[PDB]
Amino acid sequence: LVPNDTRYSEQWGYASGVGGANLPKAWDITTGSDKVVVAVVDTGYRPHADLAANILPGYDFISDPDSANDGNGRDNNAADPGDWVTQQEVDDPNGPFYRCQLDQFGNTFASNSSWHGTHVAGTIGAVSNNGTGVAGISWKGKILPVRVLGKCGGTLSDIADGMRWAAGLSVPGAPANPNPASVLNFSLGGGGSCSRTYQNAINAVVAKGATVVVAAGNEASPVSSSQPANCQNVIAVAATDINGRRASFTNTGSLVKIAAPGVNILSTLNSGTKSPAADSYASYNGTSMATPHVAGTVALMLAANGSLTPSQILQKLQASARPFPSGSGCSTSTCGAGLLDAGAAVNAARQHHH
């Protein structure tokens, strides 16, 4: 089954080429379920016309109002106000953004709004087969926006609290989440070995039944160098390109569980360079893009068979992955089990007599 969206043909990651995830075969089984919820734990969302119908009420765990860029600390509105950082902000020695992002040489730089959470959310669940824009992996699934990244990023504590809340666990000062998510997408990370703050939250949500999918990182470095990609009990995802080859930037190593489309990925975005402006579509690169191909595939796996455990989900993802092509720059010790194949991973529960 294929959707009719105008730009779907440019979304090679969904197609059945050597590098693609082979979604049309999966979509013959299921195009998702509104009872399966994927949490996009990220910069927040824009109510893009090609996305908003699949977005649930979420939460905003950014504690610092300066980073939050929305007039307050934690709040119940996960809309993305923009995460831009001006040159004056990053260079102000008396300001809250001083040297908050540095390049290879240790020099500060400025950035426009990324709308990164809107791009990631569109890969999971853009409104599909509606004759416009892009498609998502789960056409009918719901997306729980959990905003944890603001101007110059986010804090470990806010991200770990967002993780707990996303899965339906308690966080002090936050209301209960009536839409617990069974798949949690983390297209983010930072340096250092896996903090106990992350590992405690991960183990709590996994035991609650959630699958945690995390970007391996973009430093052409060992995946051991980036958390939460280097944590236990997560699915770390490396990025490959349209030819099934290792992305130049992807982190690699023994902890990577699978590779997925992460180069030239078209999805929903916004045209604003600071505050929100018009809906748009944009092509991004990163392990951030590979991660929602895997998380969306899990959402379809659960729509097709709601009884699968996180352990069974990982085993099926890896067993159904395609071997890396010759000359890919990938191996099963560096890029996970193979190339993501949703068409092979998604399997309907058994039918039975009545």
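The first residue of the shown sequence is 1; numbering continues from there.
> Test of understanding: from the entry's C-alpha B-factors, which stretch has the higher mean, 85 to 93 or 157 to 165?
Higher of the two, by average CA B-factor, is 85 to 93.
> Can you let me know which of the two, 176 to 184 or 107 to 115, has the higher average C-alpha B-factor in the entry?
Taking the mean B-factor of the alpha carbons in each, 107 to 115 is higher.
> Can you tell me which of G73, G262, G125, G272 has the maximum CA B-factor listed in the PDB entry?
Comparing C-alpha B-factors across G73, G262, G125, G272, the top value belongs to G272.
> Tell me which of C152, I235, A78, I143 tops the list for C-alpha B factor in the record.
If I rank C152, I235, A78, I143 by C-alpha B-factor, first place goes to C152.
> By the recorded C-alpha temperature factor, relative to the other modelled residues in its chain, which third is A319 in?
Tercile = highest for this residue's CA B-factor.
> By its CA B factor, does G190 count among the lowest, middle or highest third of the modelled residues in the chain?
Middle third by C-alpha B-factor.
> Going by what the PDB entry lists, where does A303 fall on CA B-factor within its chain: lowest, middle or highest third?
Middle third by C-alpha B-factor.
> Please place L255 in the lowest, middle or highest third of its chain by C-alpha B factor as given in the entry.
Highest third of the chain for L255's C-alpha B-factor.
> Would you mind ranking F249 by its C-alpha B-factor against the rest of the chain and naming the third, lowest, middle or highest?
Tercile = highest for this residue's CA B-factor.
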